[PDB]
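Just the one chain here, laid out as structure tokens, in the form solved without the named molecule.
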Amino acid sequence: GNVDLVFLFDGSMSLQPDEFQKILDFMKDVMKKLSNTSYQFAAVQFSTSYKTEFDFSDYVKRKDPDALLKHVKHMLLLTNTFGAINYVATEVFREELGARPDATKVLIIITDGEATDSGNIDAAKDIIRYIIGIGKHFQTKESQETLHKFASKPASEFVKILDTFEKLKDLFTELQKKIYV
């Protein structure tokens, strides 16, 4: 079946320039590898506020990862993950914006720490949520477990902890394999 996937990427002040750039390249690589498939994409940047870098309809109009992300600017603010996931649920996955009703909703969240806000993400729980926590903040099991609440179950599959942003390239594989079974 069809798959509508949204990249929700962290743009807080805790990420270094090169780190932020590696997220961008990850999104581009994934897209290029999935061009001309059942996949349709959208991408939202989150820090303090939520910015839809491109909606599903922008992707359909121009299936060019480089052009779609061309003007992305690292926000350098907070890490409002609750507001971010909720925004994706209500503002991104809409037919008006190009979302397909027959499609499987997938969300790939990339971040380096804990949310600076709070609440619940119940409105986005139907979406297949993969979360990629990266860096020094996720060394212990205790710290890694804070990501569990944003991901699908079990956490053993949907929560991916990387020690470096360099680990992003060697990660595209796993995802698409499990995204449809």
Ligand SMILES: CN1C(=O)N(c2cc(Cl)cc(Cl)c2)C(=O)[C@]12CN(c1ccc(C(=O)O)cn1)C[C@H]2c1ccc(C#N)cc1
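In case it trips you up, residue 1 is the first one in the sequence shown, and so on. Residues that one form lacks are left out of the comparison. C-alpha atoms forming the largest set that superposes within 1.5 Å between two forms make up the rigid core.
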query	finding
Segment of higher mean CA temperature factor, 142 to 150 or 120 to 128	142 to 150
Average Cα temperature factor in the PDB entry - higher stretch of 82 to 90, 69 to 77	69 to 77
Member of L24, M13, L168, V159 with the greatest C-alpha B factor (per the PDB record)	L168
Chain-relative CA temperature factor third for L5	middle
For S57, the third of its chain into which the C-alpha B factor falls	middle
Chain thirds of CA B-factor: placement of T37	highest
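As for the form deposited with the named molecule bound, it is not shown, yet the points below apply to it.
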| item | value |
| --- | --- |
| Open or blocked: the named molecule superposed from its pose in the deposited bound form, cut-off 2.4 Å to backbone or C-beta | blocked |
| Exercise: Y130 in contact with the named molecule in the deposited bound form, heavy atom 4.5 Å | yes |
| Residue contact check: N86 to the named molecule in the deposited bound form, 4.5 Å heavy atom | no |
| Partner contact for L34 in the deposited bound form: the named molecule, 4.5 angstroms, heavy atom | yes |
| Contact test in the deposited bound form: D163 vs the named molecule, heavy atoms, 4.5 Å | no |
| Partner-proximal stretch of 116 to 124, 63 to 71, 137 to 145, 152 to 160 relative to the named molecule in the deposited bound form, 4.5 angstroms, heavy atom | 152 to 160 |
| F158 C-alpha shift between the shown form and the other one of 2 Å or more, rigid core reference | no |
| Regions shifting between the shown form and the other one, defined as 3+ consecutive residues whose CA atoms all move 2 Å or more relative to the core | 13 to 16, 172 to 181 |
